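Text of the file model.cif, holding mmCIF, C-alpha atoms; chains and numbers go by the auth columns:
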```cif
data_final
loop_
_atom_site.group_PDB
_atom_site.id
_atom_site.type_symbol
_atom_site.label_atom_id
_atom_site.label_comp_id
_atom_site.label_asym_id
_atom_site.label_seq_id
_atom_site.Cartn_x
_atom_site.Cartn_y
_atom_site.Cartn_z
_atom_site.B_iso_or_equiv
_atom_site.auth_seq_id
_atom_site.auth_asym_id
ATOM 1 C CA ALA A 1 29.601 -3.109 -23.284 0.00 1 A
ATOM 2 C CA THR A 2 28.749 -5.524 -20.544 0.00 2 A
ATOM 3 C CA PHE A 3 25.542 -5.374 -18.549 0.00 3 A
ATOM 4 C CA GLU A 4 25.289 -7.716 -15.579 0.00 4 A
ATOM 5 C CA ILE A 5 21.556 -8.215 -14.887 0.00 5 A
ATOM 6 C CA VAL A 6 20.924 -9.365 -11.319 0.00 6 A
ATOM 7 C CA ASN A 7 17.647 -10.516 -9.869 0.00 7 A
ATOM 8 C CA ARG A 8 17.567 -9.735 -6.131 0.00 8 A
ATOM 9 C CA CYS A 9 13.804 -10.180 -6.048 0.00 9 A
ATOM 10 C CA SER A 10 12.333 -13.090 -4.079 0.00 10 A
ATOM 11 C CA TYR A 11 10.464 -14.121 -7.243 0.00 11 A
ATOM 12 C CA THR A 12 11.670 -15.239 -10.650 0.00 12 A
ATOM 13 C CA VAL A 13 11.811 -12.656 -13.403 0.00 13 A
ATOM 14 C CA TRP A 14 12.473 -13.032 -17.131 0.00 14 A
ATOM 15 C CA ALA A 15 14.947 -10.337 -18.090 0.00 15 A
ATOM 16 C CA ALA A 16 14.575 -8.701 -21.478 0.00 16 A
ATOM 17 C CA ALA A 17 16.934 -6.547 -23.570 0.00 17 A
ATOM 18 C CA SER A 18 16.018 -4.882 -26.862 0.00 18 A
ATOM 19 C CA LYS A 19 16.537 -1.757 -28.957 0.00 19 A
ATOM 20 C CA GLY A 20 13.003 -2.035 -30.357 0.00 20 A
ATOM 21 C CA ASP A 21 13.776 -3.525 -33.765 0.00 21 A
ATOM 22 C CA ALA A 22 16.216 -6.163 -32.522 0.00 22 A
ATOM 23 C CA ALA A 23 17.344 -8.170 -29.519 0.00 23 A
ATOM 24 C CA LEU A 24 20.314 -7.109 -27.484 0.00 24 A
ATOM 25 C CA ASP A 25 22.398 -10.269 -26.902 0.00 25 A
ATOM 26 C CA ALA A 26 19.976 -13.166 -26.670 0.00 26 A
ATOM 27 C CA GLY A 27 17.140 -10.716 -25.891 0.00 27 A
ATOM 28 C CA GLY A 28 15.821 -12.479 -22.814 0.00 28 A
ATOM 29 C CA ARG A 29 16.459 -15.123 -20.184 0.00 29 A
ATOM 30 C CA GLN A 30 14.979 -16.502 -16.983 0.00 30 A
ATOM 31 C CA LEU A 31 16.550 -15.219 -13.758 0.00 31 A
ATOM 32 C CA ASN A 32 15.570 -17.084 -10.610 0.00 32 A
ATOM 33 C CA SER A 33 15.927 -15.237 -7.318 0.00 33 A
ATOM 34 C CA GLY A 34 19.604 -14.370 -6.876 0.00 34 A
ATOM 35 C CA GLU A 35 20.734 -15.227 -10.389 0.00 35 A
ATOM 36 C CA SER A 36 22.949 -13.013 -12.514 0.00 36 A
ATOM 37 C CA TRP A 37 23.053 -12.921 -16.340 0.00 37 A
ATOM 38 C CA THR A 38 25.789 -10.957 -18.120 0.00 38 A
ATOM 39 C CA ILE A 39 25.010 -9.669 -21.580 0.00 39 A
ATOM 40 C CA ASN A 40 27.029 -7.929 -24.217 0.00 40 A
ATOM 41 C CA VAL A 41 25.525 -4.872 -25.863 0.00 41 A
ATOM 42 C CA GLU A 42 27.126 -3.559 -29.037 0.00 42 A
ATOM 43 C CA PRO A 43 28.855 -0.192 -28.758 0.00 43 A
ATOM 44 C CA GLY A 44 26.813 2.565 -30.288 0.00 44 A
ATOM 45 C CA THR A 45 23.460 1.050 -29.327 0.00 45 A
ATOM 46 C CA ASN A 46 20.963 3.881 -29.339 0.00 46 A
ATOM 47 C CA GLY A 47 17.656 3.555 -27.545 0.00 47 A
ATOM 48 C CA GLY A 48 18.302 0.284 -25.785 0.00 48 A
ATOM 49 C CA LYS A 49 16.137 -0.912 -22.908 0.00 49 A
ATOM 50 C CA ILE A 50 16.355 -3.613 -20.228 0.00 50 A
ATOM 51 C CA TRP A 51 13.348 -4.660 -18.189 0.00 51 A
ATOM 52 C CA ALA A 52 11.956 -7.460 -16.096 0.00 52 A
ATOM 53 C CA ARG A 53 8.966 -9.602 -17.036 0.00 53 A
ATOM 54 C CA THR A 54 6.840 -11.339 -14.430 0.00 54 A
ATOM 55 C CA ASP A 55 4.636 -14.424 -14.310 0.00 55 A
ATOM 56 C CA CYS A 56 5.819 -15.926 -17.582 0.00 56 A
ATOM 57 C CA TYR A 57 5.199 -19.208 -19.274 0.00 57 A
ATOM 58 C CA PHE A 58 7.178 -20.428 -22.264 0.00 58 A
ATOM 59 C CA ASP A 59 7.053 -23.674 -24.243 0.00 59 A
ATOM 60 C CA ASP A 60 10.130 -25.575 -25.316 0.00 60 A
ATOM 61 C CA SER A 61 10.431 -23.372 -28.425 0.00 61 A
ATOM 62 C CA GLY A 62 10.478 -20.165 -26.404 0.00 62 A
ATOM 63 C CA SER A 63 6.945 -18.963 -27.074 0.00 63 A
ATOM 64 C CA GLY A 64 4.443 -18.105 -24.397 0.00 64 A
ATOM 65 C CA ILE A 65 3.214 -15.166 -22.432 0.00 65 A
ATOM 66 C CA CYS A 66 4.150 -12.895 -19.528 0.00 66 A
ATOM 67 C CA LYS A 67 1.836 -10.852 -17.334 0.00 67 A
ATOM 68 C CA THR A 68 4.059 -7.818 -17.421 0.00 68 A
ATOM 69 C CA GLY A 69 6.523 -6.836 -20.100 0.00 69 A
ATOM 70 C CA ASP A 70 5.522 -9.488 -22.691 0.00 70 A
ATOM 71 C CA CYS A 71 7.401 -8.935 -25.976 0.00 71 A
ATOM 72 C CA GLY A 72 5.236 -10.614 -28.552 0.00 72 A
ATOM 73 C CA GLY A 73 5.165 -13.866 -26.606 0.00 73 A
ATOM 74 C CA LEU A 74 8.891 -14.557 -27.012 0.00 74 A
ATOM 75 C CA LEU A 75 11.396 -15.629 -24.356 0.00 75 A
ATOM 76 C CA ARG A 76 14.140 -13.984 -26.398 0.00 76 A
ATOM 77 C CA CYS A 77 12.784 -10.511 -27.011 0.00 77 A
ATOM 78 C CA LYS A 78 13.279 -8.700 -30.275 0.00 78 A
ATOM 79 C CA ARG A 79 10.799 -5.883 -29.548 0.00 79 A
ATOM 80 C CA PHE A 80 9.884 -3.777 -26.580 0.00 80 A
ATOM 81 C CA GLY A 81 7.617 -5.094 -23.848 0.00 81 A
ATOM 82 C CA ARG A 82 4.014 -4.559 -22.908 0.00 82 A
ATOM 83 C CA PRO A 83 3.431 -2.062 -20.159 0.00 83 A
ATOM 84 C CA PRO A 84 3.644 -1.930 -17.223 0.00 84 A
ATOM 85 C CA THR A 85 7.429 -2.106 -17.332 0.00 85 A
ATOM 86 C CA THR A 86 10.046 -0.270 -15.258 0.00 86 A
ATOM 87 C CA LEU A 87 12.701 0.606 -17.846 0.00 87 A
ATOM 88 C CA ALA A 88 16.488 0.809 -17.721 0.00 88 A
ATOM 89 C CA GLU A 89 17.221 2.969 -20.789 0.00 89 A
ATOM 90 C CA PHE A 90 20.511 3.695 -22.466 0.00 90 A
ATOM 91 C CA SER A 91 22.277 5.070 -25.503 0.00 91 A
ATOM 92 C CA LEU A 92 25.962 4.175 -25.737 0.00 92 A
ATOM 93 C CA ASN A 93 28.859 5.906 -27.517 0.00 93 A
ATOM 94 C CA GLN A 94 26.862 8.973 -28.490 0.00 94 A
ATOM 95 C CA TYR A 95 29.530 11.534 -29.423 0.00 95 A
ATOM 96 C CA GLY A 96 31.947 10.111 -26.922 0.00 96 A
ATOM 97 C CA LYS A 97 29.608 9.527 -23.933 0.00 97 A
ATOM 98 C CA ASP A 98 27.000 7.098 -22.689 0.00 98 A
ATOM 99 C CA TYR A 99 23.582 8.205 -21.410 0.00 99 A
ATOM 100 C CA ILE A 100 21.491 6.219 -18.936 0.00 100 A
ATOM 101 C CA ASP A 101 18.154 6.677 -17.160 0.00 101 A
ATOM 102 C CA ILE A 102 15.284 4.861 -15.500 0.00 102 A
ATOM 103 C CA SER A 103 11.789 5.549 -16.810 0.00 103 A
ATOM 104 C CA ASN A 104 8.290 5.044 -15.488 0.00 104 A
ATOM 105 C CA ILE A 105 6.727 6.454 -18.710 0.00 105 A
ATOM 106 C CA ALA A 106 5.618 2.892 -19.601 0.00 106 A
ATOM 107 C CA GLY A 107 4.586 2.155 -16.020 0.00 107 A
ATOM 108 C CA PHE A 108 6.253 0.196 -13.254 0.00 108 A
ATOM 109 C CA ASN A 109 6.378 -3.531 -12.510 0.00 109 A
ATOM 110 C CA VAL A 110 9.622 -4.320 -10.631 0.00 110 A
ATOM 111 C CA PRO A 111 11.923 -2.032 -8.667 0.00 111 A
ATOM 112 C CA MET A 112 15.259 -1.270 -10.197 0.00 112 A
ATOM 113 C CA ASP A 113 18.801 0.007 -9.727 0.00 113 A
ATOM 114 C CA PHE A 114 20.797 0.910 -12.871 0.00 114 A
ATOM 115 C CA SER A 115 24.414 1.692 -12.065 0.00 115 A
ATOM 116 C CA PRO A 116 27.790 1.803 -13.793 0.00 116 A
ATOM 117 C CA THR A 117 30.328 -0.827 -12.774 0.00 117 A
ATOM 118 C CA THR A 118 33.135 1.397 -14.114 0.00 118 A
ATOM 119 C CA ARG A 119 34.315 4.908 -13.126 0.00 119 A
ATOM 120 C CA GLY A 120 33.057 8.319 -13.732 0.00 120 A
ATOM 121 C CA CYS A 121 29.309 8.628 -13.058 0.00 121 A
ATOM 122 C CA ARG A 122 26.584 7.714 -10.623 0.00 122 A
ATOM 123 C CA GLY A 123 23.727 5.283 -10.848 0.00 123 A
ATOM 124 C CA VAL A 124 19.982 5.824 -10.671 0.00 124 A
ATOM 125 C CA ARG A 125 17.355 3.900 -8.758 0.00 125 A
ATOM 126 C CA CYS A 126 13.594 3.464 -8.619 0.00 126 A
ATOM 127 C CA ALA A 127 12.947 1.112 -5.724 0.00 127 A
ATOM 128 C CA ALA A 128 9.898 2.424 -3.934 0.00 128 A
ATOM 129 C CA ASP A 129 6.781 0.294 -3.581 0.00 129 A
ATOM 130 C CA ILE A 130 5.005 1.781 -6.614 0.00 130 A
ATOM 131 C CA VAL A 131 2.862 -1.315 -7.149 0.00 131 A
ATOM 132 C CA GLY A 132 1.617 -1.319 -3.559 0.00 132 A
ATOM 133 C CA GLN A 133 0.935 2.421 -3.532 0.00 133 A
ATOM 134 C CA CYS A 134 -0.412 2.598 -7.116 0.00 134 A
ATOM 135 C CA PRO A 135 -3.493 4.795 -7.657 0.00 135 A
ATOM 136 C CA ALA A 136 -6.572 2.617 -8.099 0.00 136 A
ATOM 137 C CA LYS A 137 -7.205 3.765 -11.663 0.00 137 A
ATOM 138 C CA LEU A 138 -3.652 2.832 -12.705 0.00 138 A
ATOM 139 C CA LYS A 139 -3.491 -0.629 -11.122 0.00 139 A
ATOM 140 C CA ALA A 140 -2.909 -3.352 -13.729 0.00 140 A
ATOM 141 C CA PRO A 141 -5.082 -6.377 -12.968 0.00 141 A
ATOM 142 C CA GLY A 142 -2.496 -8.457 -14.740 0.00 142 A
ATOM 143 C CA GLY A 143 0.149 -7.072 -12.248 0.00 143 A
ATOM 144 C CA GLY A 144 2.004 -3.690 -11.941 0.00 144 A
ATOM 145 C CA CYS A 145 1.153 0.012 -12.070 0.00 145 A
ATOM 146 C CA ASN A 146 0.229 1.324 -15.494 0.00 146 A
ATOM 147 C CA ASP A 147 1.209 4.731 -16.754 0.00 147 A
ATOM 148 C CA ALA A 148 -1.650 7.070 -17.566 0.00 148 A
ATOM 149 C CA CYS A 149 -1.007 7.018 -21.309 0.00 149 A
ATOM 150 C CA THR A 150 -1.583 3.261 -21.360 0.00 150 A
ATOM 151 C CA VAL A 151 -4.810 3.610 -19.365 0.00 151 A
ATOM 152 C CA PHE A 152 -6.424 6.705 -20.880 0.00 152 A
ATOM 153 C CA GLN A 153 -4.854 7.288 -24.340 0.00 153 A
ATOM 154 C CA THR A 154 -4.985 11.080 -24.250 0.00 154 A
ATOM 155 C CA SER A 155 -2.732 13.594 -25.942 0.00 155 A
ATOM 156 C CA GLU A 156 -1.900 15.033 -22.539 0.00 156 A
ATOM 157 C CA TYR A 157 -0.682 11.751 -20.992 0.00 157 A
ATOM 158 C CA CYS A 158 0.961 10.431 -24.147 0.00 158 A
ATOM 159 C CA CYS A 159 2.526 13.834 -25.019 0.00 159 A
ATOM 160 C CA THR A 160 1.435 13.270 -28.573 0.00 160 A
ATOM 161 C CA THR A 161 1.799 16.904 -29.634 0.00 161 A
ATOM 162 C CA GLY A 162 5.113 17.464 -27.873 0.00 162 A
ATOM 163 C CA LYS A 163 3.167 19.649 -25.591 0.00 163 A
ATOM 164 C CA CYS A 164 2.175 18.273 -22.244 0.00 164 A
ATOM 165 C CA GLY A 165 2.654 19.064 -18.586 0.00 165 A
ATOM 166 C CA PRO A 166 2.911 17.007 -15.417 0.00 166 A
ATOM 167 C CA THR A 167 -0.315 15.373 -14.227 0.00 167 A
ATOM 168 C CA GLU A 168 -1.706 13.971 -11.035 0.00 168 A
ATOM 169 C CA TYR A 169 -0.668 10.529 -12.322 0.00 169 A
ATOM 170 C CA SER A 170 2.870 11.531 -13.363 0.00 170 A
ATOM 171 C CA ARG A 171 3.319 13.240 -10.023 0.00 171 A
ATOM 172 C CA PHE A 172 2.600 9.937 -8.223 0.00 172 A
ATOM 173 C CA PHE A 173 5.461 8.224 -10.025 0.00 173 A
ATOM 174 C CA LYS A 174 7.692 11.253 -9.487 0.00 174 A
ATOM 175 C CA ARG A 175 6.915 11.430 -5.751 0.00 175 A
ATOM 176 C CA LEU A 176 7.771 7.735 -5.243 0.00 176 A
ATOM 177 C CA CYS A 177 10.765 7.840 -7.623 0.00 177 A
ATOM 178 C CA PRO A 178 12.250 11.319 -8.153 0.00 178 A
ATOM 179 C CA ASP A 179 15.189 9.912 -10.134 0.00 179 A
ATOM 180 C CA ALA A 180 13.100 8.317 -12.887 0.00 180 A
ATOM 181 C CA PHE A 181 11.232 9.867 -15.795 0.00 181 A
ATOM 182 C CA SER A 182 7.553 10.241 -14.909 0.00 182 A
ATOM 183 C CA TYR A 183 6.219 11.642 -18.227 0.00 183 A
ATOM 184 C CA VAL A 184 7.737 12.387 -21.617 0.00 184 A
ATOM 185 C CA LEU A 185 8.630 16.043 -20.900 0.00 185 A
ATOM 186 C CA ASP A 186 9.829 15.501 -17.345 0.00 186 A
ATOM 187 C CA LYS A 187 12.866 17.424 -16.270 0.00 187 A
ATOM 188 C CA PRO A 188 15.564 14.927 -17.347 0.00 188 A
ATOM 189 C CA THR A 189 17.164 12.540 -14.863 0.00 189 A
ATOM 190 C CA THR A 190 19.581 11.153 -17.478 0.00 190 A
ATOM 191 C CA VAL A 191 23.136 10.531 -16.282 0.00 191 A
ATOM 192 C CA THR A 192 26.105 11.108 -18.564 0.00 192 A
ATOM 193 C CA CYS A 193 28.726 8.392 -18.204 0.00 193 A
ATOM 194 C CA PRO A 194 32.072 7.928 -19.937 0.00 194 A
ATOM 195 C CA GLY A 195 31.747 6.350 -23.329 0.00 195 A
ATOM 196 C CA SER A 196 32.028 2.586 -23.224 0.00 196 A
ATOM 197 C CA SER A 197 31.128 2.256 -19.559 0.00 197 A
ATOM 198 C CA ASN A 198 29.852 -1.068 -18.223 0.00 198 A
ATOM 199 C CA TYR A 199 26.750 -1.497 -16.057 0.00 199 A
ATOM 200 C CA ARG A 200 24.703 -3.545 -13.625 0.00 200 A
ATOM 201 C CA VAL A 201 20.883 -3.628 -13.617 0.00 201 A
ATOM 202 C CA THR A 202 19.613 -4.974 -10.301 0.00 202 A
ATOM 203 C CA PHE A 203 15.961 -5.918 -9.846 0.00 203 A
ATOM 204 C CA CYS A 204 14.696 -5.405 -6.273 0.00 204 A
ATOM 205 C CA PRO A 205 17.878 -3.699 -5.096 0.00 205 A
ATOM 206 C CA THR A 206 16.588 -3.149 -1.552 0.00 206 A
ATOM 207 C CA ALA A 207 15.421 -6.863 -1.237 0.00 207 A
#
```
Please lay out the structure from this file as C-alpha cells.
Amino acid sequence: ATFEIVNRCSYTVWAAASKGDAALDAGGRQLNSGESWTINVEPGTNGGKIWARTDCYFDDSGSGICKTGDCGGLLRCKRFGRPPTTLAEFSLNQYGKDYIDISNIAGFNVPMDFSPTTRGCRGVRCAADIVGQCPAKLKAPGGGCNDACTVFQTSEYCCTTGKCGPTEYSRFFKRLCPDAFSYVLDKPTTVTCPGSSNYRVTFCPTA
C-alpha cells in the first residue's frame, strides 16, 4: 500500500512510520514545509502508525533527538514515538478490509488529516488547535499536549484494567476532535476501507 505523507505545516516535521517492532519503509524522513514523501507499507501490516516529530536534530549517522515523537533518537524509526504524538493508525488487509483511525490517546503535537486516495470510504481529521487550547496540566514543556495517562500514570487514564470511563482530560480532546480516539475505551471512530486501499496523511491540513 502507498501512503503519501504531506507536510502542509509552515514548519519542518520529521515523519515517522512504524509498527512498533519494525520500521515501515525507511521509518522516517525530514519533510520541509510543502514536501511530500511516499512510502510503501506491506500488505497485512497490523498496528501501524504514522506521526510527525518536531524540533529534531540528527547527526550524519541519523542519531539525535526530537522534542515530540522521538523514537529512540533515530531518524529512521523502528519503534513508536514519545508522546505527545497525534497518531494516524492503521491495520491493512484484515479479513479483506483495511481499518484506519486518528488517535489522541498518546497526546497531540501536529494536526492531521488521514484520508484514502482510493475509493470506498471517508477520511478522518483532527485539525483543531489542541496545542493552543491544551489544559495547563497537560501542556508539554517540550512542545505539544500530553494525554493524561502520560502525565498522571493512573489506571483510570491508562485503562490498565480494561475498565475506564471518559475523563475531564479525554473530553477536552474529544471536544476539539470528535473524530479521533480520546481514551482507550472511546466509542470507536475507526473507518473501514476496502482492503488494499491507498492513503494520504497530511500534517496541518487547514494550513
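The residue set within 8 Å of residue 3 (chain A), counting all atoms listed in the file and dropping same-chain residues fewer than 6 places from it, reads residues 38, 39, 40, 41, 198, 199, 200 and 201 of chain A.
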Next on the checklist: Starting from the PyMOL selection byres ((chain A and resi 84-99) around 7), expand the selection into actual residues of this file and give them as number ranges by chain.
Outcome noted: A: 43-51, 68-69, 82-83, 100-104, 106-110, 114, 144-146, 190-196
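Rounded to one decimal, CA of residue 60 (chain A) and CA of residue 75 (chain A) lie 10.1 Å from each other.
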Checklist entry - Using only C-alpha atoms, which residue out of A:185, A:26, A:66, A:31 lies closest to residue 142 (chain A)? => result A:66
Next on the checklist: Taking all atoms listed in the file into account, name the residue in A:133, A:7, A:115, A:182 that is nearest to residue 148 (chain A).
Outcome noted: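 So, comparing all the options, the nearest one is A:182.
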Checklist entry - What does the distance between CA of residue 153 (chain A) and CA of residue 180 (chain A) come to in Å, to one decimal place? => result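 For CA of residue 153 (chain A) relative to CA of residue 180 (chain A), the distance reads 21.3 Å.
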Checklist entry - Selected by the PyMOL selection byres ((chain A and resi 125) around 6) in the shown coordinates: which residues, as number ranges by chain? => result A: 112-113, 124, 126
Item to check | Two-atom distance - CA of residue 14 (chain A), CA of residue 28 (chain A) (Å) | outcome: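 Between CA of residue 14 (chain A) and CA of residue 28 (chain A) the gap is 6.6 Å.
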Can you pull out the residues contacting residue 158 (chain A)? Cut-off 12 Å, using all atoms listed in the file, and skip same-chain residues under 6 positions away; I want them as a compact mmCIF listing (two decimals) with C-alpha atoms, in the coordinates of the input.
```
# COMPACT_ATOMS: atom_id res chain seq x y z
CA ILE A 105 6.73 6.45 -18.71
CA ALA A 106 5.62 2.89 -19.60
CA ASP A 147 1.21 4.73 -16.75
CA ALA A 148 -1.65 7.07 -17.57
CA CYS A 149 -1.01 7.02 -21.31
CA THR A 150 -1.58 3.26 -21.36
CA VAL A 151 -4.81 3.61 -19.36
CA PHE A 152 -6.42 6.70 -20.88
CA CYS A 164 2.17 18.27 -22.24
CA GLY A 165 2.65 19.06 -18.59
CA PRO A 166 2.91 17.01 -15.42
CA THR A 167 -0.32 15.37 -14.23
CA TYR A 169 -0.67 10.53 -12.32
CA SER A 170 2.87 11.53 -13.36
CA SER A 182 7.55 10.24 -14.91
CA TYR A 183 6.22 11.64 -18.23
CA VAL A 184 7.74 12.39 -21.62
CA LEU A 185 8.63 16.04 -20.90
```
Checklist entry - Which of these, A:123, A:163, A:172, A:205, has the shortest distance to residue 138 (chain A) once you count only C-alpha atoms? => result A:172
Once you add 4 Å to each side, what are the centre and edge lengths of the axis-aligned box holding all listed atoms of region 37-41 of chain A? One decimal in Å, as AutoDock Vina command-line options, if you can.
```
--center_x 25.0 --center_y -8.9 --center_z -21.1 --size_x 12.0 --size_y 16.0 --size_z 17.5
```
Report the residues retrieved by the PyMOL selection byres ((chain A and resi 78) around 7) from the displayed file, expressed as a compact mmCIF listing (two decimals) with C-alpha atoms, in the frame of the given file.
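Writing done, so here's expr.txt:
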```txt
# COMPACT_ATOMS: atom_id res chain seq x y z
CA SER A 18 16.02 -4.88 -26.86
CA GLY A 20 13.00 -2.04 -30.36
CA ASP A 21 13.78 -3.52 -33.76
CA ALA A 22 16.22 -6.16 -32.52
CA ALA A 23 17.34 -8.17 -29.52
CA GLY A 27 17.14 -10.72 -25.89
CA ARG A 76 14.14 -13.98 -26.40
CA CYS A 77 12.78 -10.51 -27.01
CA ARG A 79 10.80 -5.88 -29.55
```
Checklist entry - Pick the closest to residue 116 (chain A) from A:25, A:175, A:202, A:10: which is it, counting only C-alpha atoms? => result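 Once distances to residue 116 (chain A) are computed over only C-alpha atoms, the minimum belongs to A:202.
Among the candidates A:118, A:161, A:168, A:54, the one nearest to residue 137 (chain A) when counting only C-alpha atoms is A:168.
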